């Protein structure tokens, strides 16, 4: 079971922390006495949150600002964040590029930039951060969506980038497990959350019930601290079960016999 002391004095990165879900995780982490380094495009939005974080009890709080469409920034940012803290216990990949609802029509340029920001910068940052994480037996939080397990109309690009997250990190997850690297990867599948940017976007298009961003943030943290493979945070009770996919678990367990053990 979870104890906030588990994050006390621990080094934690959070991308997308200037608002929404990722700001809330900044506060919760700050109240648990972790060291945090935060980042986003908005330099002023990052300032206010670090300032709140310090009032909230954070051992230390630093921002670095930029855009995660730039892979150079994505990687160098991890390196500065590990130098400011002297290590890295937890990498939480949360930011996403400006998304809207709409039927797909001819966006090669939209699809790419989405893929880079919502997928590429995650892979960039995971691998840059993995040496420091391997040293601490740390954990990654990869924040995804029901739309990373099932599909909804009007969100083809975004949805491509979340599916890609499962495919990729799930594979990293097993590989780590089989080569005995004690780093955990939590895929955090979430339903509608009442962040300001989600509601504005669904307005007049989707009429679902949203869940609170504060508690959402909480389950993400606790799930990753507890080295869980997946977190499901959604309003409906019949979500983790209809999304269970017991076949995928069965296939993944047996597929290993296909492999030469020496490879591992």
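Positions refer to the first chain, counted from 1.
- Taking only CA atoms, the mean B-factor in the PDB entry is higher for 99 to 107 than for the other of 124 to 132 and 99 to 107.
- Higher mean CA temperature factor, per the PDB entry, when comparing 64 to 72 with 203 to 211: 203 to 211.
- The entry lists C-alpha B-factors for 238, 40, 49, 34, and the highest of these is at 238.
- Residue-level temperature factors show residue 15 in the lowest third of its chain, judged at the C-alpha atom.
- Residue 26: CA B factor in the middle third of modelled residues in this chain (values from the PDB entry).
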